[PDB]
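Novice: Any chance you can model this:
(chains A, B, C, D, E, F, G, H and I, ligands or ions: 11)
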Amino acid sequence: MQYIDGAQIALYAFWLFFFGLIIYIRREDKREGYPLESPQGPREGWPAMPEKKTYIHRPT
Amino acid sequence: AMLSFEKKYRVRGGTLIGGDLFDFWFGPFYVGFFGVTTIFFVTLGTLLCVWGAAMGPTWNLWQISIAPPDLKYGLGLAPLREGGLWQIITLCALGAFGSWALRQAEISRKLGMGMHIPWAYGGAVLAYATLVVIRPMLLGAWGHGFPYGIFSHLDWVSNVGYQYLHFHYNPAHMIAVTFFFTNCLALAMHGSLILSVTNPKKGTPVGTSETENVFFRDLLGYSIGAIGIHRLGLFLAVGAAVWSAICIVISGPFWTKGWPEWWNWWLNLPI
Amino acid sequence: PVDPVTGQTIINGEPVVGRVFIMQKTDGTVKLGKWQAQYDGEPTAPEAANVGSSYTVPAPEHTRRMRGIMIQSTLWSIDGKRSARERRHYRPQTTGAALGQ
Amino acid sequence: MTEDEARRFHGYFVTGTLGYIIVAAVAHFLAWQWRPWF
Amino acid sequence: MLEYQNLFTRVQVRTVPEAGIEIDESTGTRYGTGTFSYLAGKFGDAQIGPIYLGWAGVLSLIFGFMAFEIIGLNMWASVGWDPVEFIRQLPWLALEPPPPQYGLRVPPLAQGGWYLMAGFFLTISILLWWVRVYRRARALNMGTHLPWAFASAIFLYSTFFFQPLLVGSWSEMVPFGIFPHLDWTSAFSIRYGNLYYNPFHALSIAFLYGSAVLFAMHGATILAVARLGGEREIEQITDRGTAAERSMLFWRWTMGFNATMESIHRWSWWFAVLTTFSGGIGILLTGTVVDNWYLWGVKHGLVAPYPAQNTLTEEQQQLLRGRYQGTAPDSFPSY
Amino acid sequence: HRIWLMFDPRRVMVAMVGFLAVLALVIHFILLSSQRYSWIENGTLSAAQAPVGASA
Amino acid sequence: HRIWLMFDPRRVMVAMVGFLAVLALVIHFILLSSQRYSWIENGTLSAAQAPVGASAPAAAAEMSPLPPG
Amino acid sequence: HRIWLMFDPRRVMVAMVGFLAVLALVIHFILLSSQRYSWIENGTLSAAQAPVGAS
Amino acid sequence: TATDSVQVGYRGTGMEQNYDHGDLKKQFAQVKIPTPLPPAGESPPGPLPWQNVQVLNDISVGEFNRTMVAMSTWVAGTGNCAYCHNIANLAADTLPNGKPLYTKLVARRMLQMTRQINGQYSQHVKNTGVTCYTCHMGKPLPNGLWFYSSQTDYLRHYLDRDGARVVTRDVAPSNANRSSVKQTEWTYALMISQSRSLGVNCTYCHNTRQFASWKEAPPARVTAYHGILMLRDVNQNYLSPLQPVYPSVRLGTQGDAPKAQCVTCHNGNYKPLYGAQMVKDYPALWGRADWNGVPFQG
Ligand SMILES: CCCCCCCCCCCCCC(=O)OC[C@H](COP(=O)(O)OCC(O)COP(=O)(O)OC[C@@H](COC(=O)CCCCCCCCCCCCC)OC(=O)CCCCCCCCCCCCC)OC(=O)CCCCCCCCCCCCC
Ligand SMILES: CCCCCCCCCCCCCC(=O)OC[C@H](COP(=O)(O)OCC(O)COP(=O)(O)OC[C@@H](COC(=O)CCCCCCCCCCCCC)OC(=O)CCCCCCCCCCCCC)OC(=O)CCCCCCCCCCCCC
Ligand code: BCL
Ligand code: BCL
Ligand code: BCL
Ligand SMILES: CC[C@H]1c2cc3[nH]c4c(c3C)C(=O)[C@H](C(=O)OC)c4c3nc(cc4[nH]c(cc(n2)[C@@H]1C)c(C(C)=O)c4C)[C@@H](C)[C@@H]3CCC(=O)OC/C=C(\C)CCC[C@H](C)CCC[C@H](C)CCCC(C)C
Ligand SMILES: CC[C@H]1c2cc3[nH]c4c(c3C)C(=O)[C@H](C(=O)OC)c4c3nc(cc4[nH]c(cc(n2)[C@@H]1C)c(C(C)=O)c4C)[C@@H](C)[C@@H]3CCC(=O)OC/C=C(\C)CCC[C@H](C)CCC[C@H](C)CCCC(C)C
Ligand SMILES: COC(C)(C)C/C=C/C(C)=C/C=C/C(C)=C/C=C/C(C)=C/C=C\C=C(C)\C=C\C=C(C)\C=C\C=C(C)\C=C\CC(C)(C)OC
Ligand code: HEC
Ligand code: HEC
Ligand SMILES: [Fe+3]
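Specialist: Residues are numbered from 1 along each chain as shown, chains lettered A, B, ... in the order given. Ligands and ions are numbered 1, 2, ... in the order given. Take a look:
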């Protein structure tokens, strides 16, 4: 409309995309050394730790 | 909370100042003597930044500006209304940046690591120190520093750049930009290279170090090493900050005219 | 207003103990408003451009070889070499018939 | 460092230091005759 | 004295040059055999190895050399074919875009036709190089991360074509020249009201600095654990050793959070890509959606207040009004 | 003296010479940049003609 | 003579020549960029005609080298 | 003499020729950039007609 | 180096002027100002005893001689009546051989030009007018002489071309402003020349965060605008029409009269001659009824 313009809409779309990307990368960051060990028990931050990822090696 | 392999590494020793008093972990953070010094300067500096916002006309995050003193105060400590608050915050920032570097050196010493991270960080601190300490001292007033505001310090950069009528013609600025652009290109190449080998075409095994070297020789005829790329990235990123510090410290203290006129020397070669 | 006898400032009928000053923000700065409000106290909008209705082709000796817009202030204002100053423009031309050839 | 050559070094260091200060004092004497600063 | 900082290599090995992993050679082949540079081995790998050439590479080289030739020949003609002036004035020479009044129509050859032709050939060369990069990646069964990272930079490059077309004139294009393209950068920022207040421009600044920060941090981290074998990142990713653990622990103790040996490269990739992506969006919005970024920033509360440095009377407000710039005078008047 | 058993004579001598050379260069350049003692230009003036700072 | 057993003679000569050469070039270039001793241009003037720096100067009215601010 | 024992003659010769070549170029170029000794332009002037610095 | 900084804007904005101390001191020293002639303001109230005086018709005889010695030392050096006059007959506008004395016609026109500058353009030269010295510097040929070169030469902004604005006064684009980037480069080159002609940078006249704003800019910008207008009145009406008077050696390759720019008066300083005031002691040069309340004798 009058106050809302294209640059603002594009900026907020980029903000949503960036937050989603940060969530995805933070999920990838928790593929080693998790879950955390604490006296109260296991701990995971947000985002939660993802599923176990397995690699593929060449045959001998 | 600790990583599943973290417990065996949390040992004493490696500090530069203090003993078992400052050799503990607060949550995930390691707290040393310089961790305590960092928190003091961060808290004091941030609270004075909030006070500077409350003194100003707005609470809008983008419009908050704490400005340096007038040039007439000339290396003195101005009244806190008139820019003295900026100088106090600058001291807190210097203390916090220095404490952060020394805290990093303590952590690497405890982990049996090299000292590269503190010195790489020192390149950024040197650029900041040139902007608010070295260049203002050479020009003779603390008022030559930049204001503390999200978009206020962009206005300072614009006006200072136009103090020489075309800042693109600064020879050291041209080199520093090339370092920044080449670093971004090299980082994209390095990030892609590792990810492409570790996450290859679906159904195929993970590649090797030969795959990287063969790929970049096929594309460009030369492949820097696995250690070569990390050496180059350190050189490009830190050298960008060092050449930035040079480019701003020569404008005013050494060159006062327009930067296009500096290229007379090239046009007046005898040949 | 000021008390006629004591000299004390009166605010809403009550005297004030002290020297009263009008509170202001840092150096009397006032938060900006709408973007249209930026143009109060400024000159009005500029007039439309003067665009020629016809074009006449200049002589070659009056035409610049270099088409860079800023060449006159960034290079020529600092360059005094006579050979380059000669190369700056196109040279006059004629025809073989005009010369009799 | 046998602590005995330290005495030998000390005599040379003291004489060199005191001799340098005396020569610099004459230089300040000459400069005062040319243009006093007080 | 000081420990070994892993900054240079003193002892270099020499073996037979690596010919390379077997690949499909039907539409291309490897040229050279592989030489060794003593100076290059001090910093990185010494082999100036064979280079692969195929359809896309050859076509890209032909088109790019055509563009380079056109640019250089126009530059040389601009100084009257003087070689001394060509070398002496090389930073200031340019291949200039067409005049504004032609819009998107074809300009004359000496007044922008060469510019458009060179730009077309450069664009074709860049696209063919992208195809070559993609084929090189998929010939070794690698993932296609580098092709899309390159596509981001290509997007930023192509905004320099799309924005002038969206505003409706090839005159708004970037001239081919060392100092002239900086002149265009400055004038483009000035014309559209202080590009510092373009939010996507600020976003691209943030990602450029973030790229520098990330590469400094990663390079220092890997060099600090290179004595433990951290430079062999693939091994530390598929089988985590003590170097990866120490890197993780250093950054967790310093910052309160960390990455892995693999995901730090994802951080790097995304920062580098987002630089040019946000920059391209910001360029695309300029002159088409927003014509004055300072006024947009005032609208959305971005501009900090300053005391007024001048005030004008009403007659001064009418007089200080100017005129928009127009055409140059095509006559030399006599008075 | 016993101080040389505490400090290396070589390290002290090098550091002291480096300090003195820097100090001497700083003083000579401070006077050269001044008005009263810019001796290369005004050194031939007598003490009465040499510039003096303002009494203000 | 004993100072050569404390400092390596090869290192001292290189440090000595480097410092003396730099100092000689600095002094020669300082004098060449001055007004009184620019000997390449004004070397043929006698001592009477050679430029001299300004003595204790007077003041000026309404004329300022610096713009107001 | 014994200086060639302390210093390699081959290294000395290269450093000396390199220094002399640079010094000669610097002096020749400084004179060429001056006004009194711009000999390529004003070399045919007599000593009385050559430029002299002011005062 | 030693640098002198003058603050021209609000603190922290980066609006400052920088000068090299050595260069500024040398330039200030090398500039010499001619001492004013002793006043001559007592003469009988009789008719003017002159033959061909058409400009200085309201000036006493003693003042006439005073200002004419002043003109001699300002333009042609002390004495040197022969630059503009036949010595035997100073009332002659032609040489004995018949050819006209072009210098005298130029001087007569430029007396009127100086009066016009001082009287009708006080909004630029306020209380610090101009004499012959400010442009001539004791020499017949002033600085900053420019001629017809090409269509895109920005100095024609001072002759016959009007309009330099390129910035839109809206948030959204419209047809009200269709300035190109190339026109912005043209304005940039013109303003680079303007900055170099006064020894100042952009911030002396602008807050570069918004070049189009006058409220955020120093007052000098207004002064600068008036300068442009004054130039368009000096170049179009006084310097250009003098074309058929000069010998061929004074014209350009297109055969046009010399024209003036900002550097003609300023010579690379924020004020001409660092703001020296001379015309206050020369009533024949200012076309005002009073300079600073000092009445015009008449
Ligand atoms: C983007 C997405 C992700 C965004 C987010 C990204 C996050 C990245 C980091 C990830 C981790 C975050 C969690 C974390 O750090 O947890 C620590 C702690 C658990 O710690 P712990 O494991 O139990 O502690 C271990 C160990 O330290 C045990 O020692 P002890 O139990 O003896 O503790 C002694 C400490 C604490 O005592 C104190 O008095 C410290 C109090 C600090 C907080 C209050 C500050 C104000 C009062 C100050 C004191 C007043 C007098 C008492 O004593 C110490 O000395 C410890 C070191 C303190 C620092 C060094 C000394 C500084 C001295 C100079 C400065 C003084 C203050 C100006 O857990 C919690 O605090 C639970 C809540 C965690 C979430 C944050 C909640 C924040 C709420 C407020 C938000 C405000 C937003 C603006
Ligand atoms: C204009 C030109 C510009 C400039 C030009 C821009 C072009 C587009 C760029 C897009 C980003 C590419 C990022 C990247 O790493 O690319 C390299 C990769 C290489 O893959 P490959 O060589 O084919 O094979 C390698 C592959 O095996 C492993 O790849 P890697 O792991 O490194 O990364 C690929 C994936 C991660 O893969 C997985 O997660 C698969 C794991 C198994 C399945 C997962 C569980 C099941 C899930 C089921 C539900 C899920 C099913 C999907 O990473 C990505 O694709 C990037 C993810 C991060 C970015 C998105 C973050 C969220 C954004 C939205 C937030 C919204 C607000 C909250 O190439 C690819 O194409 C990857 C696949 C891309 C999938 C998304 C495509 C979206 C297209 C959108 C437009 C379509 C037309 C309208
Ligand atoms: C306006 C300023 C003045 C001026 C004022 C001064 C003043 C004042 C002094 C100098 C000094 C020096 N000046 Mg100055 N100087 C000027 C211009 C110059 C110029 C020049 C090109 O214009 C040059 C090259 C110099 C150069 C020098 C150096 C020789 C010296 C500083 C370095 C040093 O410590 O050396 C070391 C050089 C030596 C010769 C040291 C010798 C030391 C030995 C050990 C003495 C041994 C004595 C004996 C063995 C022992 C006796 C023991 C007991 C006492 C019995 N000056 C101008 C004209 N200069 C300083 C100095 O030391 O002067 C002597 C000093 O104080
Ligand atoms: C009209 C304006 C001029 C101009 C005027 C200037 C001026 C003036 C300067 C630059 C400088 C720079 N310019 Mg610029 N510049 C122009 C156009 C450009 C263009 C372009 C595309 O046109 C580019 C690419 C650049 C590029 C650059 C870089 C070379 C450099 C900035 C990086 C730097 O210094 O990092 C150095 C890094 C730092 C200073 C950061 C230090 C950070 C500290 C140590 C830590 C902070 C921690 C923080 C407080 C923590 C917060 C809390 C936590 C988040 C929880 N310029 C135009 C032509 N440019 C700047 C420079 O060189 O600065 C030295 C500078 O001052
Ligand atoms: C007065 C000048 C203006 C200004 C005007 C602009 C303009 C205009 C632009 C930028 C843009 C950018 N500016 Mg800015 N900028 C200013 C001030 C700054 C400052 C600062 C110190 O204040 C900084 C740090 C920056 C930094 C940046 C970057 C973040 C960004 C470019 C990203 C990039 O990687 O580009 C480099 C990357 C590319 C060009 C990608 C494409 C590369 C192609 C693929 C290469 C092909 C090469 C070919 C094969 C070989 C050559 C062939 C021959 C030609 C024949 N600017 C001020 C405000 N800036 C850009 C942007 O995105 O803005 C939103 C942009 O267009
Ligand atoms: C090689 C040089 C490049 C680089 C490198 C680099 N930066 C680094 C490192 C390295 C190697 C670290 O190890 C260190 C780190 O720990 O990162 C996680 C860091 C880091 N780089 C940071 C930021 C940063 N680096 C920048 C620059 C760069 N850093 C260069 C491009 C910039 C720019 C260009 O703007 C920024 C914003 C931090 C995330 C971090 C350092 C954290 C730190 O020092 O924390 C202690 C201080 C605080 C938590 C806050 C202190 C607040 C002050 C007391 C008051 C206000 C300060 C300031 C004056 C405010 C001004 C605001 C206005 C300008 C808006
Ligand atoms: C993440 C964003 C960053 C980015 C990324 C990026 N760039 C990339 C890639 C990636 C991920 C590639 O895969 C690709 C590549 O292959 O890199 C090695 C590329 C690339 N980035 C390039 C450049 C580049 N990137 C830049 C920037 C950036 N690249 C961003 C900062 C810039 C800048 C800052 O302006 C430049 C100039 C190329 C090296 C390459 C793309 C190569 C290409 O497209 O080539 C086309 C071929 C030609 C034009 C032919 C040229 C012919 C010669 C000019 C003539 C030779 C004549 C004679 C034989 C020699 C003469 C010598 C002289 C020319 C010196
Ligand atoms: C002897 O020497 C010779 C001459 C033989 C060779 C020497 C050559 C030399 C010395 C060359 C020097 C070249 C230099 C210095 C080049 C500098 C280049 C720079 C700095 C360029 C910077 C920026 C340029 C940009 C961003 C240009 C972008 C252009 C684009 C995107 C153009 C696109 C055009 C298209 C798609 C055109 C399409 C054509 C149609 C008709 C379809 O549309 C109009
Ligand atoms: C050129 C700059 C001149 C110089 C060097 C001198 N005069 Fe001189 N003169 C000049 C001009 C433009 C006029 C006409 C002024 C007008 O028309 O308003 C004159 C005229 C005179 C006169 C009167 C002529 C007459 O009798 O009709 C005299 C007496 C005169 N000029 C004398 C004079 C003197 C004493 C000078 C000092 C050396 C001198 N002139 C120099 C222009 C110039
Ligand atoms: C005082 C002498 C100034 C100096 C120094 C600079 N500028 Fe300026 N600017 C000045 C005036 C009087 C005008 C208007 C002239 C007219 O004919 O209207 C301008 C205008 C500009 C503009 C255009 C503003 C617009 O609304 O479009 C720009 C972009 C501009 N000036 C930029 C600029 C630059 C780049 C300068 C240094 C090289 C500079 N200005 C200096 C006054 C003065
Ligand atoms: Fe890596």
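
Novice: check which helix or strand covers residue E:154.
Specialist: Under the criterion of DSSP states H and E, residue E:154 resides in helix E:145-167.

Novice: List the residues that contact the residue nearest the centre of chain F.
Specialist: The centroid of chain F falls nearest to residue F:27 when counting by C-alpha atoms, centre = their mean (2.9 Å). Listed by C-beta atoms under 8 Å, 6 or more residues apart in numbering or on different chains, residue F:27 has no contact partners. Where you see a C-beta, it was placed from the backbone N, CA and C, and this is true even at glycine.

Novice: Residue 6: neighbouring residues, count only.
Specialist: In the absence of a named chain, this looks at chain A. By other C-beta atoms under 10 Å in any protein chain shown, 12 other residues sit near residue A:6.

Novice: Oops, wrong one, chain E.
Specialist: 19.

Novice: Not counting sequence-adjacent ones, nearest residue to residue I:270?
Specialist: Once flanking residues are discounted, residue I:270 sits nearest to residue G:67: 4.1 Å by C-beta to C-beta, 6 or more residues apart in numbering or on different chains.

Novice: Please apply the same query to residue E:310.
Specialist: Excluding the flanking residues, the one nearest residue E:310 by C-beta to C-beta, 6+ apart is residue I:219, at 4.9 Å.

Novice: Would you agree the residue nearest to the centre of chain F falls within a strand?
Specialist: No. Applying DSSP: H, G, I helix; E, B strand; the rest coil, one finds residue F:27 to be helix, outside a strand.

Novice: how about the residues of chain E near ligand 4?
Specialist: E:185-186 (C-beta under 6 Å from any ligand atom).

Novice: Excluding chain neighbours, what is closest to the most centrally placed residue in chain E?
Specialist: With distances taken as C-alpha atoms, centre = their mean, the residue of chain E nearest its centroid is residue E:153 (6.1 Å). Nearest residue to residue E:153 in three dimensions, chain neighbours excluded: residue E:276, at 4.9 Å (C-beta to C-beta, 6+ apart).

Novice: just checking, residue I:149 touches residue C:61?
Specialist: No. Applying C-beta atoms under 8 Å as the test, residue I:149 and residue C:61 come out as separate, 10.2 Å apart.

Novice: Which one's more surrounded, these two?
Specialist: Comparing residue I:149 with residue C:61 by neighbour count (other C-beta under 10 Å), the higher total belongs to residue I:149, at 18 against 13.

Novice: Which secondary structure state does the more buried one sit in?
Specialist: Applying three-state DSSP: residue I:149 is coil.

Novice: gap between it and residue I:244?
Specialist: From residue I:149 over to residue I:244 the distance is 21 Å, taken as C-beta to C-beta, to the nearest Å.

Novice: Quick check: phi and psi on residue A:41?
Specialist: phi 130, psi -160 (degrees, to the nearest 10).

Novice: Count residues in the vicinity of residue E:66, would you?
Specialist: By other C-beta under 10 Å, the residues close to residue E:66 number 17.

Novice: and the helix or strand following the helix holding residue E:154, how far out from the chain's middle?
Specialist: Reading on from helix E:145-167 to the C-terminus, the next helix or strand found by DSSP H and E is helix E:178-191. Distance, stretch centre to chain centre, for helix E:178-191: 16 Å (C-alpha atoms, centre = their mean, to the nearest Å).

Novice: angle of helix E:178-191 against helix E:145-167?
Specialist: 60 degrees (axes from the mean of the first three to the mean of the last three C-alpha atoms, to 10 degrees).
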